[PDB]
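# Survey of secondary and tertiary structure
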Amino acid sequence: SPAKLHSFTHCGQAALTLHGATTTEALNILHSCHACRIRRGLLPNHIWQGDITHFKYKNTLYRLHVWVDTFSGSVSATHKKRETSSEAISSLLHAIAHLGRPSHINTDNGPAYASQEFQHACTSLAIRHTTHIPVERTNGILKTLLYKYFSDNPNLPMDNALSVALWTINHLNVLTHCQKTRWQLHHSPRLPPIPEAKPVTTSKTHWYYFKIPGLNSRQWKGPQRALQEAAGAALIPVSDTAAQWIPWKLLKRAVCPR
Amino acid sequence: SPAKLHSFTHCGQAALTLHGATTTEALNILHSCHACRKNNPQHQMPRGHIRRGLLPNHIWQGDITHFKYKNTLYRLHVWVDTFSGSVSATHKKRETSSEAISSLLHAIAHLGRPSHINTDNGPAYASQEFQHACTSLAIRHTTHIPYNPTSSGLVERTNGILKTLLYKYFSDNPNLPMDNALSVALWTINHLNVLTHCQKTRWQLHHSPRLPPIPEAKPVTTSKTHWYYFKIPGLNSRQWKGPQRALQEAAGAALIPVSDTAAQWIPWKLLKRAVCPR
Amino acid sequence: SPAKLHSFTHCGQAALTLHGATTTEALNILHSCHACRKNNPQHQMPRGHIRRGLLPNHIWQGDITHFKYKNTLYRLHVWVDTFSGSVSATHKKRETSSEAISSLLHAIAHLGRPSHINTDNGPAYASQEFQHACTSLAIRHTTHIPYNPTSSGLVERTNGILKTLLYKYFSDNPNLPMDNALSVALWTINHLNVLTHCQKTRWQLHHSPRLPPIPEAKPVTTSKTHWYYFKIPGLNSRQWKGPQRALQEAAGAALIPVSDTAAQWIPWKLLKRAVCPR
Amino acid sequence: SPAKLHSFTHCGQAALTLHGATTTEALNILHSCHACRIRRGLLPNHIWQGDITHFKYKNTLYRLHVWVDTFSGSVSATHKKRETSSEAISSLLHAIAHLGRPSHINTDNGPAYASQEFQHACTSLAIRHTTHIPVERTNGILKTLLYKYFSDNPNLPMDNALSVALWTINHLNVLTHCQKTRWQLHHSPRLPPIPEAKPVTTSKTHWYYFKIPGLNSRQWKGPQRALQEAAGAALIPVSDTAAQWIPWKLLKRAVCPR
Amino acid sequence: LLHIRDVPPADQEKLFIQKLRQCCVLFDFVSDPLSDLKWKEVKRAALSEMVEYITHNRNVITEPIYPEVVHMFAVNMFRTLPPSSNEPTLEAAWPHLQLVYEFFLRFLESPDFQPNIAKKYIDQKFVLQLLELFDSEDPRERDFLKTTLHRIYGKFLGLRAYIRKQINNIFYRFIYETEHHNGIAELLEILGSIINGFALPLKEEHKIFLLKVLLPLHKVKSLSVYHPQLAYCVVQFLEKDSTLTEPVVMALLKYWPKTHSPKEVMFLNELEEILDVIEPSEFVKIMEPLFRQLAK
Amino acid sequence: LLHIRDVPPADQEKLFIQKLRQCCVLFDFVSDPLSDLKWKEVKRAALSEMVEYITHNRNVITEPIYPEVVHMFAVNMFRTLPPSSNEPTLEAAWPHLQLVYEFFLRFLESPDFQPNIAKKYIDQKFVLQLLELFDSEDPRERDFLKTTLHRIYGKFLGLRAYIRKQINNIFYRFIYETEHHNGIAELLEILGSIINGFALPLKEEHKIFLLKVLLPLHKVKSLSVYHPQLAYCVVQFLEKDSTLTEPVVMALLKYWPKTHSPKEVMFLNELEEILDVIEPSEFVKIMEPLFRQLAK
DNA sequence: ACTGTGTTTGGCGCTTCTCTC
DNA sequence: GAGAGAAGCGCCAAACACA
DNA sequence: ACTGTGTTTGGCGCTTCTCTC
DNA sequence: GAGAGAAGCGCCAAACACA
Ligand SMILES: [Zn+2]
Ligand SMILES: [Zn+2]
Ligand SMILES: [Zn+2]
Ligand SMILES: [Zn+2]
């Protein structure tokens, strides 16, 4: 439900339009809530930018490490209790686990990002590291969302809040220019190249002998064609009326009938 | 006479024809004896397969695992998608409902929101805090049969793969930190490695064009029941129990009255066909 | 570059071609890495088969088994012939060398005199009394690898069959005496039941015309050695050990130096092929 | 060696002739040792005769139960510390485990052999039991052999001695009329019947695909013929030069080539 | 009517035909937000069930199916564009149009689709009408048009140079006559995907294309919105031959705004990649004039 | 010479031939216990290796092999019998003879042996000479002869009635002319094995056989040694037809020694089984005379 | 030398027989 | 009267447990 | 609903290429 | 000059362990 969805994440209105909520229902819910009232890269994972941030807590402090993709804006953030080159390396690796491997990384000078530890981390992955001294918008977005989440519930362990904020700004908020989420824009496949003076052919899938789950039979019944494939299954039309997902233990490759 | 010879010595089939009997009659004599079927550990039942999603982020399986590193016993919480196979994992210090909630939210931030999650009947997955957390996100939570560790085959196999990769890493740098190793393992598994049979990475399947829709399903089950020798899944024994009659039976299990007061669900691996007494 | 990518992440084969590499080169890169072969529990070695006689009463296998009956723990001493499969078995109160000698003499009186007997390395089969008894009859006594319970597969399978028959008997008459049950089981197994693949009873094979003579044999073994990852048969572990070089190797095992001071015999089930470092 | 063989069992001379010993060597060994110097049935296991015997020990007594086959003389004996119908049943079953199932059993009247327990044991196996009141030779043979074995070693547990005596008189002593041991005469197969006006054919054995042990191959190499068969093996001529025993796990049945 | 699957196979295809003709009836959402709701829901359900049915069964497409679906697409999609108003405006008829787009994509990419039956049903007029749609004010429609035109250009072989010349004409018209166009990024992405698939040596038509319609596209005011696609196209183009880079350098060293402006960052970023790729194999022909004009 | 297996296959059979001719040389053990020990050991080793080789390889037997092995058997076995002396006496030439017997048995029971090639190499003279051997004073030789004649009579079809008539003549000669014969138990066992294989209804020749040569065999003095085989033959015979038993009863009720003698137990034991089998299906025709003569 | 195996069990093809149009 | 259902019979791969 | 699975590894066929009579 | 060895490449069944 859009009401609960906003009461939990404080997402935007164009996001709620995607769900059961409609334009005027979204406009009603948005301001009925109290607390609510260029690109340099060329491809996804081409250039990143890495900042740091002090997030003020009433009895302590948090050090946020934030990386942003300069083609979609995909945010990856981690919270630490101190800041060294070890934790910069930890943040970069935790980001690589989420988004992928960047080709070029750019960050500000400092005690970290400038030692030999960080350069040795960046040289084992073939990531070139350029340093410059004087994006800051997404940092503020993430900070305001943290503020809201803490405002509604004060007993949050700071680990749930960061994950919920990352979920909101990566999978829920819709960008205004292209009507795409950051995740959707960041992971949508590119267009395949086109061989010249060569017809671009359709791919032909393989043929399988199959058996029906839950039957205990011992006879492979006819070679068919696989429509769709996934991990640990395959969509096989057992008849010309219905199609079933057959696991890999009940499938055997064959050769075209000719 | 065949029937009294078997009633005395419990000989086989090829012995009862050599004393005067048709082959089918000896087969019936053997298939009817209850002391020879109560004690033979050999049976023949169909094989069951776990439930899998029709599209990414439909069904997830979750688990916890121990890892002994530098005199510390880390708890790895693992959540794996069934359609594509994408994994998420975080290391905690101990097991509690708060840790489960935080790990689930980590997983949601990394992969997306799932419709259904099914885990075992642990002491931190059935708690009221976890139930309230699941209901706060509109996520259905079912469980498995207690003491059947093969109903979570995918997530257990994934625990094995993850620990194998971690051991390969720690073989080279016995001083490598834990979060770095877990992050490198997750990157390797999700982005670099290729699945064996479909020959695509887990990420390519997770972010494939969702344009193919869901095939329609059917909740129609089999309308007849039979008699079954059974074993209680928790404790293993030499001989079968029963026979009894099933109340109902869905693909992969059956409802057998273990006692007279209460029934129980038994998989198609601790059941053996019996003969109808009437 | 493939070699540094694998040296960092330990990715698979289908990943190294997608970064620039021939298939054979990726195969070599994987087959050379020692951290990926020390940790993968999957191996591929030939299967071994026990030694069998060339004619009845040539080789016997012996064993003992427990049986819980009426609050008493009987010790069944079992001796089985390898050519035909004929069994002999006696029930005793406890295990000692005197009991072993008496059981062996029972077996000899029932079946005949064997040339060779091979049993495990027990505390009552290696004693001086048993050795003197065996030498008094011109019977060779060899042993197996310690902690390898599958080198006596025939006699263990026979223990299973014998206990299954005994349980079938005691299901009907819970007051039946022990010697009567053992005698009925022995009669059933040796005279009434038919072997699965040759379709003759054990007795018909044991007392067949010995006219077919012994085929000639050859003690020629393989003249080359290789390198092996190994596991010590007693204790199981996660990762392999080694590699090392074999001193010699006969069909079904190999001689591996477990330590620097002493060597050991390891079967073809706890060995994994390694690459030659030169 | 014949010397040790006699020093252990005190077997006969015609027995030692079968082994490495020759006629005059057997005659020398026989009297160089101190302590040494009709048929009613029609087929093996047709009629038995069962006796009882007191064997005198210097501080106790043994009750020997002895059954004898009245076509070969195969002895089966058991020693007990008392005598009841329970122990008569035990003796009959222990004999059946050794020799086979008799068709007709004959024994003397007494407290046992005449109760309902023994008749109920004999009626569940289809063995008819005839009783008569007044062979005794084999009993004396067995008793004298027990005496000799005790004479050589006094510390025998009476369980080894009985087994060694049964081994000697069943598998070692050669009968004088037919030059056969009791075991050999008792277990040699009878002649198969002969169909009239029908050629008695040779049996044709089956054909197998096989693999070589210890090679790890995955290819079945040619259908051959099995010469001999046993439990857990089969004699297969891999070439026309040598033949090998292939286990059953490496054999697969086939159909004649035609 | 009926579900398309619950009928015997013999007449099954026939019912499909009727379903298509049940979707060619128009319903206008902009005329009023509430009108013919039942018929609109029927159309939506029919489109959803047809797109579901077309991607699970093989050998459903037949000869008397192509022109009917082509006509259905031409009726639902080919239309006059809404009045312009420069967050962007969104088409109010988007549900049914999205369903039609997904149907056409799943149909064109079926493994049973034959690439020789639309040479008499999809002609230059189809391409023209489908290419005049890239001026839509809605971005989702532009994305669908891009991913459809890619499949069309890939599958067909007689419409390639025609589409290239038409795109050249579109570029000329936008750069010179009228400056009101919003699809210059999806077209550029398609162009880059096409450019990456060349062979050696480069044809001269491609050099004319690069020098005449790619480079001058820099001198427009609104280059900032679609700079990444243009830079990607240029860097992907000049890899096939490393000698044909000098004209690009001497053309980029002119359209540079010689005054101070916020538009400099685009030129610096593009020059960064062009210099990174040009450096190997003795490139110092124009390095001195490049650095001279750069110091300014 | 050489081992038979270590030669190339082409000439392999040839060597086998020579080996057979290396076994036809005679060595006499009764002439003196120590003579030509080396040659005797060579003969024994050759026989052992040949019998080992003949039972492990298929398609070794060929056409020019049958008469040679027949001649070898006829040379080693067919001979005059030793002088009679009434523990029994044992042949001193037993090793080589046992080897020859085992060789012949393994050869005749090979699966490659063809039952149509010895119809021109094994004729009535072979049967006569092999059947005159049942008077041997050694029991092992008699056992081997029995188990060989069984295989011969089973495999061949033209020598059956001939062997039966010859056995009838042997029985007549033993019962009447000469009482010195020691093979009347193995012959009776073979006869019983033959008798069990009849069909219905019984031929009249078999009735003549039973009434003329089986029943009178009772009146001999030395019936006690071979009583079991005779009784088994009678009881096995009369099962095929239950009506043809009365002549057996009225013939056994005459040859009974009407005086006191130790030979009564045999007749009582046989009558026990005959009465056990005859009782079903109304048998009281001769019960009164049987019991009358039995009371005596 | 050193070395896993034998039995059970439903399904399935293949041969023989019997009840109906 | 004839061709199809129905019963009999052999054969085989996958499990299982003794340690 | 309740329900085992994914990866490794030597062997083997099948296609392409190169060194010798 | 040509037909045979040699290397490359895909595919597959049997094990194995996480619980
Ligand atoms: Zn709000
Ligand atoms: Zn039973
Ligand atoms: Zn590695
Ligand atoms: Zn002595």
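Residues numbered from 1 in each chain as written, not as in the entry; some residues may be left out. Chains lettered and ligands numbered in written order. Heavy atoms only, no water. Residues with missing side-chain atoms left out of burial classes, pairs and counts.

As summarised from the PDB record, the model derives from cryo-EM at a stated resolution of 3.34 Å.

In the nomenclature of the PDB entry, chain A corresponds to Pol protein from the organism Simian T-lymphotropic virus 1.

Per the PDB entry, chain B goes by the name Pol protein and belongs to Simian T-lymphotropic virus 1.

All names here are of chain D. Coordination of the zinc ion (ligand 4) by the protein involves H6 (NE2), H10 (ND1), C33 (SG) and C36 (SG), with metal-donor separations of 2.0 to 2.3 Å. Around the zinc ion (ligand 4) sit four donor atoms; with metal-centred angles ranging over 86 to 134°, the donor geometry is tetrahedral. The buried category is assigned to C33, whose relative accessible area is 19%. Under the relative-accessibility criterion, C36 is labelled partly exposed at 26%. (Donors = N, O, S within 2.8 Å, 3.2 Å for Na, K, Ca; no water. Tetrahedral: all angles 85-135°; square planar, octahedral: opposite > 155°, others 65-115°. Buried < 20%, exposed > 50% of the residue type's maximum accessible area, 1.4 Å probe, protein only.)

Residue and element names in this part refer to chain B. With respect to the element layout, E99 can be found in helix α5 (residues 97–111). At 4.2 Å, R94 is the nearest oppositely charged side chain to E99, a buried residue that forms no salt bridge. If sequence neighbours within four positions are ignored, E99 has contacts with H77, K92 and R94. (Helix = DSSP H or I, 4+ residues; strand = E, 2+ residues; numbered from the N terminus. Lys, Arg positive; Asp, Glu negative; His and termini not counted. Salt bridge = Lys/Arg side-chain N within 4 Å of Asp/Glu carboxyl O. Contact = heavy atoms within 4.5 Å.)

Okay, the coordination of the zinc ion (ligand 1) next. Residue and element names in this part refer to chain A. Protein coordination at the zinc ion (ligand 1): the donors are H6 (NE2), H10 (ND1), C33 (SG) and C36 (SG), at 2.0 to 2.3 Å from the metal. For the zinc ion (ligand 1), the four donor atoms in the first shell make angles of 86 to 134° at the metal, a pattern classed as tetrahedral. Within one chain, the residues serving as donors to the zinc ion (ligand 1) are arranged as H-x3-H-x22-C-x2-C. With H6 in helix α1 (residues 2–9) and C33 in the loop between α3 (23–31) and β1 (47–56), this pair connects stretches of sequence that are 27 residues apart.

What follows is about the interface of chain B and chain E. Taken together, the contacts link five residues of chain B with five residues of chain E. Here the side of chain B that touches chain E is composed, by residue class, of four nonpolar, no polar and one charged. (Nonpolar A, V, L, I, M, F, W, Y, C, P; charged D, E, K, R; others polar.)

Mapped onto this numbering, the UniProt entry gives "DNA-binding region" (unreviewed entry) at residues 226–276 of chain B. For residues 226–276 of chain B, the end-to-end C-alpha separation is 8 Å, with 0% helix and 39% strand making up the annotated structure. (UniProt positions renumbered as here; feature names shortened; annotations may be inferred.)

Turning our eyes to something else, we now look at the protein's contact with DNA strand I. Contacts to DNA strand I come from 36 residues, most closely from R52(B), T150(B), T196(B), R37(C) and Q42(C). Within 4 Å of the protein, the atoms of DNA strand I are drawn from sugar and phosphate moieties in a proportion of 62%. A distance of 3.0 Å separates a phosphate oxygen of DNA strand I from a polar atom in the side chain of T142(B). By residue number, the principal contributor to the surface near DNA strand I is helix α7 (residues 153–172) of chain B, which donates five residues. Considering only residue class, the surface near DNA strand I consists of nine nonpolar, 18 polar and nine charged. (Near = heavy atom within 4 Å. Polar contact = N/O pair within 3.5 Å; in protein donor to acceptor, adjacent residues only side chain to side chain.)

Looking now at the arrangement of the chains. One thing to see here is that chain D and chain E don't touch, and their nearest C-alpha atoms sit 37 Å from each other. For the non-touching pair chain E and chain F, the nearest C-alpha separation works out to 58 Å.

Residue and element names in this part refer to chain A. Residues annotated by UniProt as "binding site: Mg(2+) 1" (unreviewed entry) correspond here to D51 and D108. Separation in sequence by 58 residues is not matched in space for these annotated residues, since their most distant C-alpha atoms are only 7.1 Å apart. With respect to the helices and strands, the residue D51 is situated in strand β1. Leave out the neighbours within four places in its chain, and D51 touches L64, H65, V66, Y113 and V135. By secondary structure assignment, the location of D108 is in strand β4 (residues 104–108). Given the relative accessible area of 31%, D108 is considered partly exposed. Sequence-distant contacts of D108, defined by excluding residues within four places in its chain, comprise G50, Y113, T131, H132, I133 and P134.

Two modes of strand pairing occur in sheets, parallel and antiparallel, and in both the strands are linked by backbone hydrogen bonds. Residue and element names in this part refer to chain A. Ordered in space as β7-β6-β11, the three strands form an open sheet in which the pairing is antiparallel. Each edge of the sheet is formed by a strand with only one pairing partner; in this case those strands are β7 (223–225) and β11 (251–253). Averaged over all adjacent pairs, the angle separating strand axes in this sheet is 45°, with direction ignored. (Pairing = 2+ DSSP bridges. Axes fitted to C-alpha atoms, helices over the stretch in contact; angles between N-to-C directions.)

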